[PDB]
Amino acid sequence: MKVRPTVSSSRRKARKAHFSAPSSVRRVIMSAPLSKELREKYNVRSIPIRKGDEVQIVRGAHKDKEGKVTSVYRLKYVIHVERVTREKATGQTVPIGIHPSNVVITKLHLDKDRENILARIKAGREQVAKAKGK
Amino acid sequence: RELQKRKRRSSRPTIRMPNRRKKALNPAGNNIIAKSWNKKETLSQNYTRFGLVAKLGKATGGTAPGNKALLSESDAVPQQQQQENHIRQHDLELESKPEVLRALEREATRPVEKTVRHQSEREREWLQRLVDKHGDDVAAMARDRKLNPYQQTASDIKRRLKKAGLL
Amino acid sequence: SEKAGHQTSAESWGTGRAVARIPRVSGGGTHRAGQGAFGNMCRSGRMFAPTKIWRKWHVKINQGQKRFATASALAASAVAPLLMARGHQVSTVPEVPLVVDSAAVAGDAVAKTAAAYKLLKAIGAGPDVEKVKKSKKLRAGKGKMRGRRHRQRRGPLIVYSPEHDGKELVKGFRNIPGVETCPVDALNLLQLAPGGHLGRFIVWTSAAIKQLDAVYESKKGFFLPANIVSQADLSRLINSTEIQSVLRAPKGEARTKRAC
Amino acid sequence: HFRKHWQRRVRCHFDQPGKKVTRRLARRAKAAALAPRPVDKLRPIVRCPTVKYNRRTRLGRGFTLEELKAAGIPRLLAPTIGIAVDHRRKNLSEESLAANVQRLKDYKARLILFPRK
RNA sequence: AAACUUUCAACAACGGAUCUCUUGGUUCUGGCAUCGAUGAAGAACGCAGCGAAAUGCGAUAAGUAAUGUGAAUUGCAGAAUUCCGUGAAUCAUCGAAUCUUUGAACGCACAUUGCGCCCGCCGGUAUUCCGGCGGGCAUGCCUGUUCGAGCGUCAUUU
RNA sequence: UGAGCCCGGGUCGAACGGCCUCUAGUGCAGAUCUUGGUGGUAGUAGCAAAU
RNA sequence: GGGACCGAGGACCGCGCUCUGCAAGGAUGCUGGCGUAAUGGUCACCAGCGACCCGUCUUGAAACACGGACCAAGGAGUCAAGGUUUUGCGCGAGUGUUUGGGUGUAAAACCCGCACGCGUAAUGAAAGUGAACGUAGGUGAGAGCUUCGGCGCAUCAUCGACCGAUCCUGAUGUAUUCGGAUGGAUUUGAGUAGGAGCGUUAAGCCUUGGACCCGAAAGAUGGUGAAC
RNA sequence: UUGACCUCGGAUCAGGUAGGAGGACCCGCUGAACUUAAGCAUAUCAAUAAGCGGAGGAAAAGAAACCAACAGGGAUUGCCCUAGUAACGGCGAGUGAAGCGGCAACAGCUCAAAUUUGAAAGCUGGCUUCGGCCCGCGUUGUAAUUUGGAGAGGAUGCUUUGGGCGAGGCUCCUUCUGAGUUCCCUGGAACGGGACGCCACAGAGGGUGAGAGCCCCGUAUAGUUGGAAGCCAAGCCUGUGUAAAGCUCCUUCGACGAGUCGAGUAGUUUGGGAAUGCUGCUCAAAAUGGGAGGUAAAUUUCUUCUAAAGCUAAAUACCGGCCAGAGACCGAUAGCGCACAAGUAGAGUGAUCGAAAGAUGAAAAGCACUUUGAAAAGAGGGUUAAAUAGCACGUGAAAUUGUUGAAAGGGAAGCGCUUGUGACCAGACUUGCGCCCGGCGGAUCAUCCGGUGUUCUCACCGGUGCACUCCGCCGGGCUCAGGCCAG
Numbered sequence: 001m002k003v004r005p006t007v008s009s010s011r012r013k014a015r016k017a018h019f020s021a022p023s024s025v026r027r028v029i030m031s032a033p034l035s036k037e038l039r040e041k042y043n044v045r046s047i048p049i050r051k052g053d054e055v056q057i058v059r060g061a062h063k064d065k066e067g068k069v070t071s072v073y074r075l076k077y078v079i080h081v082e083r084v085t086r087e088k089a090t091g092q093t094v095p096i097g098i099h100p101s102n103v104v105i106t107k108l109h110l111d112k113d114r115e116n117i118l119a120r121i122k123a124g125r126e127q128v129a130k131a132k133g134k
Numbered sequence: 003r004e005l006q007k008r009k010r011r012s013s014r015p016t017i018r019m020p021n022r023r024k025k026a027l028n029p030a031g032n033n034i035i036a037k038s039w040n041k042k043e044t045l046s047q048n049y050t051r052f053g054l055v056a057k058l059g060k061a062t063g064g065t066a067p068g069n070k071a072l073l126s127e128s129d130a131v132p133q134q135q136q137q138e144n145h146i147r148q149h150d151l152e153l154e164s165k166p167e168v169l170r171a172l173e174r175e176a177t178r179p180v181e182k183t184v185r186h187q188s189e190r191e192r193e194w195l196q197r198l199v200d201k202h203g204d205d206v207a208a209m210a211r212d213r214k215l216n217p218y219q220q221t222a223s224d225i226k227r228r229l230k231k232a233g234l235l
Numbered sequence: 054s055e056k057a058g059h060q061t062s063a064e065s066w067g068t069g070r071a072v073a074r075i076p077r078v079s080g081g082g083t084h085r086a087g088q089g090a091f092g093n094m095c096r097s098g099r100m101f102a103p104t105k106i107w108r109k110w111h112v113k114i115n116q117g118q119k120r121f122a123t124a125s126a127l128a129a130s131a132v133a134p135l136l137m138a139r140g141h142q143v144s145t146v147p148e149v150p151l152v153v154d155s156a157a158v159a160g161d162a163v164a165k166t167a168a169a170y171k172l173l174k175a176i177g178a179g180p181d182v183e184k185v186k187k188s189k190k191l192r193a194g195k196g197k198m199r200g201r202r203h204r205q206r207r208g209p210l211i212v213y214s215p216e217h218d219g220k221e222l223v224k225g226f227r228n229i230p231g232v233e234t235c236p237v238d239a240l241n242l243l244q245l246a247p248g249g250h251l252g253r254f255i256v257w258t259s260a261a262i263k264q265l266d267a268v269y270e271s272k273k274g275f276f277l278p279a280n281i282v283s284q285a286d287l288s289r290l291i292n293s294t295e296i297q298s299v300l301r302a303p304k305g306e307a308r309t310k311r312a313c
Numbered sequence: 013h014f015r016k017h018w019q020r021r022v023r024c025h026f027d028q029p030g031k032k033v034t035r036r037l038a039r040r041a042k043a044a045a046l047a048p049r050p051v052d053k054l055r056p057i058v059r060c061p062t063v064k065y066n067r068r069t070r071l072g073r074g075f076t077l078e079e080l081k082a083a084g085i086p087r088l089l090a091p092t093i094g095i096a097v098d099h100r101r102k103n104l105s106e107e108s109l110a111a112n113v114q115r116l117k118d119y120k121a122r123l124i125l126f127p128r129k
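Protein chains in written order, with the deposited numbering: chain LY, 1 to 134; chain CR, 3 to 73, 126 to 138, 144 to 154, 164 to 235; chain LC, 54 to 313; chain LL, 13 to 129.
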């Protein structure tokens with residue numbers, strides 16, 4: 001149950017906020033799970049998707065298929081990963097869109113910012129686990 | 003109405019005003035009340051736990067049970135039965165209980181520095197000139213024009229000399 | 054809206070033409086020009102008897118009647134078959150008032166919902182909790198567009214004593230679907246008789262039961278009402294030795310034979 | 013009395029619980045600033061004026077200057093220690109004076125006064 | 001017997017009712033007080049690759065600066081544009097700028113991208129000619145500054 | 001009896017129904033009713049206006 | 001003797017009779033037929049008999065008159081305040097928390113300190129006065145009870161009793177001009193003669209609001225153009 | 001001749017200010033008519049709408065020339081009752097307050113009238129290293145003191161102080177903070193059903209190819225990272241001048257608002273001709289004064305305040321402004337005129353008037369290619385779970401229309417009762433128990449044994465076997481039972 005006055009449990013405002021979000025807010029919405037090896041390595045649940053993440057699809061008709069993310073189409077809330085293509089009438093292969101909630105991240109594209117992202121998550125996950133424990 | 007329809011069509015952000023109030027709802031600081039104030043409780047059960055009184059008026063409704071926060127002779131004079144031409148004017152001479169109340173009496177009756185007031189350098193020089201000439205006869209210092217130009221009463225100089233230490 | 058249906062400039066065409074005497078929109082350069090206006094029968098017109106905010110929404114009920122209906126809802130909760138007739142899965146609890154000891158609820162023993170769930174499963178409220186969980190269905194109608202998406206059932210009602218048990222058990226029972234918590238000083242008829250149907254399954258606490266005699270002795274202007282009957286069992290009234298000794302002989306039978 | 017346009021001057025009170033919680037937060041914010049202090053001021057016991065209400069007393073506006081002097085409370089210190097002063101009211105009787113002086117001595121006994129700085 | 005006409009059924013039309021949906025309205029409640037001569041509200045002209053609509057912006061023109069996030073924008077044409085980086089973005093924030101003509105509208109006129117004055121600069125034969133640019137030039141009133149008038153009025157032989 | 005109600009066959013794609021209570025912007029053949037759609041007149045009048 | 005239509009009810013009970021059971025308070029017995037169709041439904045059409053086109057309005061009535069090309073959707077006694085009657089409910093000589101305060105799981109629910117509204121004694125224009133002489137009375141009815149002797153609800157009839165006011169009579173007395181006691185009236189009361197009200201729910205009616213829905217000519221305020 | 005002071009002007013001199021917008025709420029000015037009284041004019045509507053002027057987050061009012069008659073109360077404002085009372089009226093329609101009482105919130109002050117006169121102590125400029133220089137304003141009065149339930153002046157003896165830093169705190173933005181994508185089925189897609197789990201101070205909401213607590217954003221509590229501006233603030237440096245302040249006493253004083261009040265008159269307004277208030281006009285005050293009340297009480301006895309100067313938060317209002325949260329509301333002929341190009345398209349000289357119009361699919365995968373021909377069109381072929389979902393796009397009613405089929409039709413059809421003919425469609429009692437014999441297996445069968453739960457005498461397991469009993473099963477034989485219609 002909500003208790004704070006600044007949060008609204010309104011279907012009208014929530015669907016408005018989701019479909020009219022700017023690109024920075026759309027980045028957090030298109031977040032993906034980490035794989036079980038990656039969870040036990042960095043103690044991270046989920047991060048937003050980049051352009052260089054090797055990923056495995058777990059939902060849909062392209063299940064059990066692995067590939068590298070080619071583009072992050074934030075406008076239609078969908079990503080394109082490598083080699084999942086569908087042929088048009090002319091034979092031109094157009095990429096098939098997969099939601100980031102339908103995939104699981106196998107390899108990350110690491111830089112200075114991504115390490116800072118993952119260190120901030122494992123900071124708070126350990127801090128409250130210590131707080132819950134002792 | 004035409005205002006609000008323009009904003010929906012516009013690619014400009016809706017300026018979200020944070021919930022700021024004029025008056026703070028809770029006490030703050032490093033005083034006794036601020037440390038023992040409970041945010042979740044209300045005024046009456048806070049002052050219950052402190053041991054104080056919030057309202058001095060007549061009770062305007064039913065209160066919660068156990069809050070304790072809302073409160126011979128010859129000449130026939132009723133004032134004489136109540137007794138115990145100037146009074147002290149900047150302070151009042153005053154003659164199993166909650167901890168916050170026990171603290172509040174402790175800083176109430178703690179000893180306070182006097183912070184005495186001194187006379188100026190010219191004032192003690194004015195008196196030092198006066199005592200050397202006349203002496204301990206305060207009457208002659210009152211009626212002497214050259215060392216008492218402000219023509220002050222001998223009782224005032226006597227009181228001023230006592231503050232300097234000279235008799 | 055008060056201005057709805059009549060922010061339009063229209064006038065009747067009179068008896069000059071063979072059209073219905075309705076206000077018709079002036080002008081001649083649009084699709085709107087010439088159409089009827091201001092009628093409840095007219096499209097884009099004002100509705101008959103517009104709804105106003107000064108309708109009486111709240112009704113005043115006597116405090117004596119409210120305290121009567123709460124005491125009746127309390128008594129129906131102590132009656133066993135009224136609980137299973139309301140819908141509660143009461144087939145495992147070993148007593149219908151079903152007091153739990155305060156030591157198992159008070160303090161921080163229940164403030165985590167894993168211990169709140171364990172306490173309910175042990176005392177017999179387990180089927181009632183799962184009944185609410187397994188009954189979550191989408192709402193039939195148009196209230197799902199108005200913020201009322203799902204409907205589930207009502208589980209047990211926690212009743213405690215805030216002075217003795219504390220207020221930390223509200224957090225424990227808050228997220229279990231169906232179970233509700235109420236202090237013994239502020240009992241609610243909307244919770245005690247949901248839907249107007251008596252017999253809410255109430256789990257009590259040992260501190261809440263000693264308090265319950267005190268809170269009904271402290272309501273001013275209200276005493277516990279005396280029933281107009283002393284014994285509510287009709288079969289004890291009629292099939293008694295006192296009444297049957299002075300009765301006449303029967304004049305007939307339940308089945309009456311056809312003479313002709 | 014529906015002779016005028018009653019529809020354009022009708023006031024409804026759907027904010028009655030909303031004004032109540034706003035009123036309680038104003039009293040809450042008043043004791044936030046005045047934390048050891050009470051939220052109100054001392055008012056004298058006053059006798060209602062007319063013959064219908066002669067036999068009932070109520071809270072008045074402030075204490076007489078003679079009532080402050082008999083209780084030993086200075087007049088220019090009284091508003092600073094939470095006592096309301098009214099220079100318009102007069103005693104006119106010893107019973108009104110004795111009742112309010114006794115009230116001020118009771119306030120004096122219950123009072124905790126703090127030393128300046 | 002066909003045609004035509006009526007009734008019924010199957011299939012095909014016309015039309016948009018019914019069911020379902022809703023980035024909309026309506027009503028209530030709560031926190032707060034913020035337009036303009038430092039040029040507002042409104043009107044107009046322009047600014048993009050393909051811009052038709054809408055939105056944003058002002059010749060610094062779908063925008064510049066600064067801060068934060070951290071790798072897009074996207075219907076098609078982009079770059080050697082940036083990826084352990086002061087750094088993508090039709091991103092967010094926003095404290096610095098730019099801000100054409102009008103409009104209370106302010107040198108005069110206004111339906112013309114016209115007609116004057118004071119100060120300064122630039123280019124083209126150039127101290128003389130021409131064109132352009134920059135800062136100025138409304139009314140009433142207040143305080144001060146400065147200038148002027150009045151046998152209004154005072155002093156002026158020590 | 002009736003207002004109505006249940007089932008079969010086809011179509012169709014995401015929500016809906018019974019009971020007991022509460023509620024109301026709650027039941028249409030007419031109002032030269034309102035809005036929309038569509039007829040006979042009629043492939044007729046006639047080629048005027050509009051397109 | 002011949003024919004038709006019908007078989008309601010479902011252990012026994014009753015009245016009877018020609019008494020080892022019958023025709024006596026309502027049909028049994030026997031035999032046959034029925035699944036590539038017993039028996040139904042809907043549509044189209046034929047046949048016999050029947051049978052004015054609906055609504056509104058006028059009138060004793062018809063006859064006129066108004067509306068109806070067709071289909072879908074919309075579409076007309078509503079909501080407030082104040083009265084009044086009745087039903088239910090809570091408490092009851094009282095009743096009503098919800099202006100407000102306390103409180104809260106936060107517009108919900110729960111609690112109430114003081115006043116206030118209506119009621120709990122009336123009458124007279126007024127000064128003002130003010131409910132018992134009789135088990136608050138007698139008598140007769142009267143539901144109910146009964147030790148069968150009598151008690152007697154509510155209510156009514158009559159004879160009474162008292163009080164407010166009016167018209168009288170006029171006591172001790174009294175400030176020397178104040179009083180109403182006692183005794184009366186073919187008097188009046190929306191009087192007493194032992195309380196019934198307050199809050200609420202449902203329905204109905206009355207009044208006012210747009211007031212069941214639709215439908216003038218007018219008048220007024222403020223603007224825009226320029227004239228029959 | 002010079003130089004003032006006074007008054008009136010100029011300057012493209014320096015420094016500022018006003019206009020316009022908005023106007024839901026607020027303060028003023030001005031001001032209708034329709035209606036009602038079953039006609040209508042007083043009245044009402046209404047001190048309203050329209051018109052004009054002027055502010056703020058509130059405005060306005062406000063610290064008594066008050067209310068009262070009491071044992072008095074005590075600035076203003078708003079709620080409840082007072083109360084449909086008093087009061088006024090074609091006494092009809094009607095109109096219509098206030099004091100008291102209960103609450104909400106409360107807070108008090110500044111001048112003018114005084115001689116600083118042992119010292120204009122005050123203030124605007126513009127020139128500066130900023131530390132302090134001049135110019136002007138002003139004595140026709142700028143500071144200090146004082147503002148009538150007061151005060152001043154002396155005396156008197158106690159009691160009070162002032163600045164500058166300031167750690168830190170509160171408010172608000174911010175970063176992070178729980179648990180299944182485990183197995184099977186259907187399905188284009190699992191967010192569905194079954195099994196096994198987990199989190200929950202989070203089972204609000206939303207998205208994801210169908211109903212997701214555990215896929216994602218968020219959601220709950222406490223912390224935690226960085227930032228903005230206000231306010232508070234433990235402490236620490238400092239002060240100072242015979243400087244300011246509160247009282248007490250008294251052989252000393254105590255100034256309180258004029259074309260205002262009031263008398264007469266005209267208008268307007270009010271419940272209110274003690275004129276209810278206000279405005280204009282004529283006349284025009286007082287100082288043990290003046291205002292308003294009470295009272296037959298014996299003369300205006302008494303009570304209560306002090307007008308003509310001024311400021312002031314809160315409780316109050318709000319169809320507007322910056323946001324935010326909700327609903328027993330409406331769901332595309334509804335709800336705002338506008339879910340979408342909406343004050344748009346369009347009309348009118350102009351003021352103004354003012355619409356219609358939502359839905360492919362999970363994803364454009366929006367039909368490549370072959371082939372008729374001039375097209376908003378077909379036939380093949382393909383995409384898709386589905387194209388009779390093909391940007392005429394969810395579902396796709398009726399009116400109305402075409403084709404095919406059946407029947408009928410001599411100057412109306414339609415309808416009621418009852419057959420009949422033909423066409424199409426449906427399918428009638430679910431269609432069973434009991435005995436006998438023989439075999440086989442079980443038990444609720446053995447005074448068989450061990451165990452578990454329990455309402456403590458009932459159930460449920462495990463192992464024994466078939467003396468008895470009872471169930472089934474298989475193979476025979478037998479019995480009766482039945483639904484509808486006839487004779």
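C-beta: ideal position from N, C-alpha, C; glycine also.
Apart from the 5 residues on each side of it in sequence, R197 (chain CR) sits with its Cβ closer than 8 Å to the Cβ of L215 in its chain, given in chain order.
With fewer than 16 neighbouring CB atoms inside 10 Å of its own CB, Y218 (chain CR) falls in the exposed class.
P91 (chain LL) has a beta carbon lying at 8 Å or more from every beta carbon in chain CR.
If the five residues before and after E181 (chain CR) are omitted, its C-beta is found closer than 7 Å to no C-beta atom of its own chain. For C24 (chain LL), the residues of chain LC that pass the 8 Å Cβ criterion are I106 and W107, in the order they occur in the chain.
Residues are counted here when their Cβ sits less than 8 Å from a Cβ of chain LL; for the stretch 180-194 of chain CR these are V180, given in chain order. Around the Cβ of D150 (chain CR), a 10 Å sphere holds fewer than 16 other Cβ atoms; the residue is exposed. Proximity of chain LL to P29 (chain CR) at the Cβ level (cut-off 7 Å) is accounted for by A44 and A47, in chain order.
Contact between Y213 (chain LC) and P236 (chain LC) holds, with the beta-carbon distance rounding to 7 Å and staying under 8 Å.
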